[PDB]
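Engineer: Quick one: the structure is below, questions incoming.
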Amino acid sequence: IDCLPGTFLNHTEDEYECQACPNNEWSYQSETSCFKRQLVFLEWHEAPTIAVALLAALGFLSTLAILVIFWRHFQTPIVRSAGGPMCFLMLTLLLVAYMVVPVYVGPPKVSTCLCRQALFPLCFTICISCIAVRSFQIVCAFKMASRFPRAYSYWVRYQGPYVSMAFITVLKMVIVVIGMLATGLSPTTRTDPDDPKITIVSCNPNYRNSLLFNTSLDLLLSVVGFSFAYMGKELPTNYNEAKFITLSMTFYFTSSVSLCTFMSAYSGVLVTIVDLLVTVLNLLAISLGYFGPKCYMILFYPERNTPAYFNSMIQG
Amino acid sequence: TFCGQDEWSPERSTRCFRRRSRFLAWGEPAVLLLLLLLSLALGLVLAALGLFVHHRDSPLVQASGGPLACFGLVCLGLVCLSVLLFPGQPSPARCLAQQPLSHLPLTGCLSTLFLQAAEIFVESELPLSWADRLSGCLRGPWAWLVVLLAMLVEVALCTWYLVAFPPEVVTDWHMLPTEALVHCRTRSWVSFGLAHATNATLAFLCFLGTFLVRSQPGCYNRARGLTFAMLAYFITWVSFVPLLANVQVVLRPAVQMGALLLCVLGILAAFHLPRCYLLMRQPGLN
């Protein structure tokens with residue numbers, strides 16, 4: 001009689017029973033000796049990590065250039081149309097995002113899994129809520145102040161959009177803490193089908209269920225923002241922000257659907273890298289589909305920079 | 001001492017019975033239903049082609065592209081006719097000439113809708129000087145040039161995936177009790193995606209070029225059809241994938257078959273059917 005993997009013929013000792021070779025030790029059939037269940041984690045020389053590294057490097061350089069260029073033109077009405085220092089509150093946070101990808105490479109423990117689970121997905125909610133409330137401005141601020149001026153004009157006068165964004169941040173903190181309690185920070189070990197000799201180690205939300213644990217309110221925010229932006233696709237022309245918002249939302253949606261479809265089937269030891277890829281890509285979406293164009297308008301054409309032109313366009 | 005995997009002898013059996021061959025034949029109910037769908041597809045497509053060579057000089061058709069449009073329609077007919085290489089007894093030529101010969105025509109035709117979308121975008125968004133230049137350039141051979149470029153890319157990719165992994169026939173003796181399943185096997189989604197890449201790229205490009213264009217005030221817009229046609233292709237592939245991953249082994253050949261039909265039925269109802277219907281009613285419209 002034989003015994004299937006995980007139970008080795010105890011030829012090291014009494015051979016009557018196919019005792020279980022403890023810990024990583026493991027054998028297929030009879031097979032007196034025991035092997036090692038080597039664990040694998042995202043490595044360096046692996047080409048996919050280098051691809052993601054370039055993707056995360058060029059985009060970060062782009063955001064840094066846009067940061068400096070915007071900062072040095074505090075007077076030009078383009079920089080003043082972004083809402084003011086609020087836009088900077090956006091940009092700075094995005095850097096942290098790209099700065100964290102090197103958390104997804106290296107051996108995984110609680111030290112880095114805490115960041116992976118709690119820090120990175122904090123920003124994304126706020127950074128999409130900013131655009132959501134931005135569309136809220138573009139359309140509502142005059143639509144309801146012109147459709148419901150009876151109270152709206154004074155009701156939204158004092159509770160500026162900042163608090164409405166703050167409540168979304170609050171919900172995000174609540175959900176993050178609830179999930180963290182619901183699960184553990186324990187790193188997770190799994191078995192690689194390519195051969196029993198290999199195994200996997202990852203942070204806890206690696207399961208697509210725990211990954212989707214957060215891609216619900218964020219998707220809700222993205223859809224609402226896209227709706228409002230499309231509402232004013234071309235009828236308004238504040239500084240041509242509805243168009244860019246629409247493009248960024250479309251890219252987000254395509255990335256989400258692509259990842260869902262691919263993970264339906266599974267690809268062995270690829271989920272880590274595919275996940276990092278989608279995260280970096282959805283950051284590039286914003287970093288060079290919302291802020292790049294305004295850098296181009298500021299640094300190539302003064303057709304907007306002139307005070308007269310923008311005092312002309314604000315009214316319309 | 002059990003009748004060889006060629007024979008699976010059920011319990012309490014002193015005499016073995018050979019496992020019959022198992023392959024999706026040409027008489028199953030499913031294949032008959034899908035071939036009827038094929039008949040409908042071919043009928044509508046050929047009606048379209050006749051119409052498009054009927055009013056060739058008309059202004060409506062002239063705006064659509066004409067000879068590029070006819071090339072597109074004939075290539076769609078070709079792909080629809082290429083839905084009969086999947087069913088039947090596994091054979092080497094049919095195994096090796098099933099996917100590439102069903103994906104080449106789609107790209108060779110979709111090049112054309114990409115041309116239309118690019119021409120719309122040239123005026124809709126770009127500045128005036130580049131708009132004039134591109135209007136004066138793309139209107140000419142440039143269209144046939146891009147068609148040829150797509151065709152060359154698709155053939156190169158086909159050859160690469162071919163040599164890398166030519167699908168082969170396989171026999172499984174332990175999938176169902178009393179039958180040996182002979183079917184053509186592939187390698188995960190590698191070849192699938194490699195053969196899917198180009199037309200997906202073109203479809204996305206058309207969608208992003210023509211999504212935002214303001215609907216023509218009080219007139220039919222050339223953007224609505226392209227957008228609603230591209231979403232059909234995207235949804236079709238994204239929606240069958242789970243099915244093909246989660247279905248009975250034998251009916252697996254029978255899933256790819258279906259997709260190419262429904263997808264085309266979408267396009268011929270989003271870009272060609274509306275123009276054809278107008279043309280039908282052109283004499284009555286004026």
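Going through the structure tokens in order, the chains are called A, B, and so on, while each chain numbers its residues from 1 and the ligands are numbered from 1 in the order shown.
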For the contact check between chain A and chain B, emit one row per residue of chain A within 8 Å, containing the shortest atom pair and the distance in Å rounded to one decimal, counting only C-alpha atoms, chain then rising number order, as JSON lines.
Structural biologist:
{"residue": "A:233", "atom": "CA", "partner": "B:212", "partner_atom": "CA", "distance": 7.7}
{"residue": "A:234", "atom": "CA", "partner": "B:214", "partner_atom": "CA", "distance": 7.8}
{"residue": "A:261", "atom": "CA", "partner": "B:238", "partner_atom": "CA", "distance": 6.8}
{"residue": "A:264", "atom": "CA", "partner": "B:242", "partner_atom": "CA", "distance": 7.0}
{"residue": "A:265", "atom": "CA", "partner": "B:245", "partner_atom": "CA", "distance": 6.7}
Engineer: So which residues touch region 108-120 of chain B within 7 Å, counting only C-alpha atoms, skipping near sequence neighbours fewer than 5 positions away, as a PyMOL selection string?
Structural biologist: chain B and resi 68-69+72+75-76+135+143+147+150-151+199+202+206+209-210
Engineer: Residues of the last selection are to be written out with N, CA and C atoms, as a PDB file, in the first residue's frame.
Structural biologist:
ATOM      1  N   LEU B  68     -13.346  50.231 -48.085  1.00  0.00           N
ATOM      2  CA  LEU B  68     -12.958  49.712 -46.779  1.00  0.00           C
ATOM      3  C   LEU B  68     -14.144  49.055 -46.089  1.00  0.00           C
ATOM      4  N   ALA B  69     -15.328  49.657 -46.204  1.00  0.00           N
ATOM      5  CA  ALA B  69     -16.505  49.067 -45.584  1.00  0.00           C
ATOM      6  C   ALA B  69     -16.834  47.719 -46.210  1.00  0.00           C
ATOM      7  N   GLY B  72     -14.479  45.192 -44.938  1.00  0.00           N
ATOM      8  CA  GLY B  72     -14.865  44.809 -43.595  1.00  0.00           C
ATOM      9  C   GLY B  72     -16.005  43.814 -43.595  1.00  0.00           C
ATOM     10  N   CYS B  75     -14.858  40.383 -44.715  1.00  0.00           N
ATOM     11  CA  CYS B  75     -14.033  39.725 -43.713  1.00  0.00           C
ATOM     12  C   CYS B  75     -14.880  39.232 -42.541  1.00  0.00           C
ATOM     13  N   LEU B  76     -15.929  39.976 -42.172  1.00  0.00           N
ATOM     14  CA  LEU B  76     -16.840  39.478 -41.144  1.00  0.00           C
ATOM     15  C   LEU B  76     -17.554  38.218 -41.606  1.00  0.00           C
ATOM     16  N   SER B 135      -7.032  65.118 -41.900  1.00  0.00           N
ATOM     17  CA  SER B 135      -8.134  64.952 -42.836  1.00  0.00           C
ATOM     18  C   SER B 135      -7.609  64.714 -44.242  1.00  0.00           C
ATOM     19  N   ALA B 143      -5.633  54.485 -45.110  1.00  0.00           N
ATOM     20  CA  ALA B 143      -6.537  53.476 -44.571  1.00  0.00           C
ATOM     21  C   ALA B 143      -6.059  52.074 -44.926  1.00  0.00           C
ATOM     22  N   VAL B 147      -4.696  49.006 -42.523  1.00  0.00           N
ATOM     23  CA  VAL B 147      -5.241  47.656 -42.631  1.00  0.00           C
ATOM     24  C   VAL B 147      -4.107  46.650 -42.780  1.00  0.00           C
ATOM     25  N   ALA B 150      -2.104  46.140 -39.488  1.00  0.00           N
ATOM     26  CA  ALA B 150      -2.764  45.251 -38.544  1.00  0.00           C
ATOM     27  C   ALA B 150      -2.635  43.804 -38.990  1.00  0.00           C
ATOM     28  N   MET B 151      -2.815  43.551 -40.284  1.00  0.00           N
ATOM     29  CA  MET B 151      -2.728  42.185 -40.780  1.00  0.00           C
ATOM     30  C   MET B 151      -1.343  41.596 -40.532  1.00  0.00           C
ATOM     31  N   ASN B 199      -6.982  42.856 -31.533  1.00  0.00           N
ATOM     32  CA  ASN B 199      -8.312  43.408 -31.745  1.00  0.00           C
ATOM     33  C   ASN B 199      -8.851  44.022 -30.464  1.00  0.00           C
ATOM     34  N   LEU B 202      -7.277  47.523 -30.442  1.00  0.00           N
ATOM     35  CA  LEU B 202      -7.957  48.407 -31.378  1.00  0.00           C
ATOM     36  C   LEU B 202      -9.336  48.788 -30.865  1.00  0.00           C
ATOM     37  N   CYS B 206     -10.635  52.669 -30.234  1.00  0.00           N
ATOM     38  CA  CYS B 206     -11.815  53.283 -30.818  1.00  0.00           C
ATOM     39  C   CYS B 206     -12.748  53.789 -29.734  1.00  0.00           C
ATOM     40  N   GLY B 209     -11.461  56.963 -28.227  1.00  0.00           N
ATOM     41  CA  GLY B 209     -11.487  58.074 -29.151  1.00  0.00           C
ATOM     42  C   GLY B 209     -12.883  58.612 -29.395  1.00  0.00           C
ATOM     43  N   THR B 210     -13.896  57.756 -29.311  1.00  0.00           N
ATOM     44  CA  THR B 210     -15.239  58.153 -29.698  1.00  0.00           C
ATOM     45  C   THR B 210     -16.246  58.139 -28.560  1.00  0.00           C
TER      46      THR B 210
END
Engineer: Among region 81-198 of chain A, which ones does DSSP place in helix (DSSP H, G or I), written as number ranges by chain?
Structural biologist: A: 81, 85-103, 110-147, 152-158, 161-182
Engineer: Which residues are close to residue 196 (chain A), i.e. within 12 Å by only C-alpha atoms, leaving aside same-chain residues fewer than 6 positions away? Reply as a CSV table (one decimal) with C-alpha atoms, in the first residue's frame.
Structural biologist:
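Result file is result16.csv:
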chain,number,residue,atom,x,y,z
A,4,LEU,CA,-0.2,10.2,-1.0
A,5,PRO,CA,2.0,13.3,-0.6
A,6,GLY,CA,2.6,14.6,2.9
A,24,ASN,CA,8.5,21.4,5.8
A,25,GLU,CA,9.7,17.8,5.3
A,26,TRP,CA,7.6,16.0,2.7
A,27,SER,CA,7.7,13.0,0.2
A,28,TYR,CA,5.6,11.7,-2.6
A,34,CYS,CA,12.0,13.9,2.9
A,35,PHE,CA,12.3,17.1,0.9
A,36,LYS,CA,11.8,20.8,1.9
A,37,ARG,CA,8.7,22.9,1.1
A,38,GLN,CA,10.7,25.9,0.0
A,39,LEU,CA,8.7,29.2,0.3
A,190,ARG,CA,-0.1,28.4,1.0
Engineer: Which region 77-191 of chain B residues have any atom within 10 Å of an atom of region 263-284 of chain B, and for each, what is the nearest pair of atoms with distance in Å to one decimal, counting only C-alpha atoms, rows sorted by chain and number, as CSV?
Structural biologist:
residue,atom,partner,partner_atom,distance
B:77,CA,B:264,CA,9.5
B:79,CA,B:264,CA,8.9
B:80,CA,B:264,CA,7.8
B:106,CA,B:264,CA,9.1
B:113,CA,B:271,CA,8.7
Engineer: Kindly save the residues from that selection, with N, CA and C atoms included, as a PDB file, in the first residue's frame.
Structural biologist:
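Written output follows (result_11.pdb):
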ATOM      1  N   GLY B  77     -17.980  38.185 -42.863  1.00  0.00           N
ATOM      2  CA  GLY B  77     -18.531  36.948 -43.388  1.00  0.00           C
ATOM      3  C   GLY B  77     -17.549  35.797 -43.274  1.00  0.00           C
ATOM      4  N   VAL B  79     -15.090  35.375 -41.114  1.00  0.00           N
ATOM      5  CA  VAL B  79     -14.943  34.907 -39.738  1.00  0.00           C
ATOM      6  C   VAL B  79     -16.168  34.108 -39.327  1.00  0.00           C
ATOM      7  N   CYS B  80     -17.357  34.564 -39.719  1.00  0.00           N
ATOM      8  CA  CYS B  80     -18.557  33.817 -39.367  1.00  0.00           C
ATOM      9  C   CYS B  80     -18.520  32.420 -39.960  1.00  0.00           C
ATOM     10  N   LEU B 106     -11.144  39.011 -37.782  1.00  0.00           N
ATOM     11  CA  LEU B 106     -11.752  40.034 -36.951  1.00  0.00           C
ATOM     12  C   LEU B 106     -10.856  41.260 -36.922  1.00  0.00           C
ATOM     13  N   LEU B 113     -13.229  50.113 -38.542  1.00  0.00           N
ATOM     14  CA  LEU B 113     -13.929  50.928 -37.559  1.00  0.00           C
ATOM     15  C   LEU B 113     -12.950  51.801 -36.792  1.00  0.00           C
TER      16      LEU B 113
END
Engineer: If you count only C-alpha atoms, which residues fall within 6 Å of residue 182 (chain B), apart from same-chain ones fewer than 5 positions away, as a list in words?
Structural biologist: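 Final neighbour list, sorted by chain and number: residues 22, 23, 170 and 171 of chain B.
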Engineer: Please measure the separation of CA of residue 38 (chain B) and CA of residue 148 (chain B), giving the value in Å to one decimal.
Structural biologist: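 Going from CA of residue 38 (chain B) over to CA of residue 148 (chain B), I get 28.2 Å.
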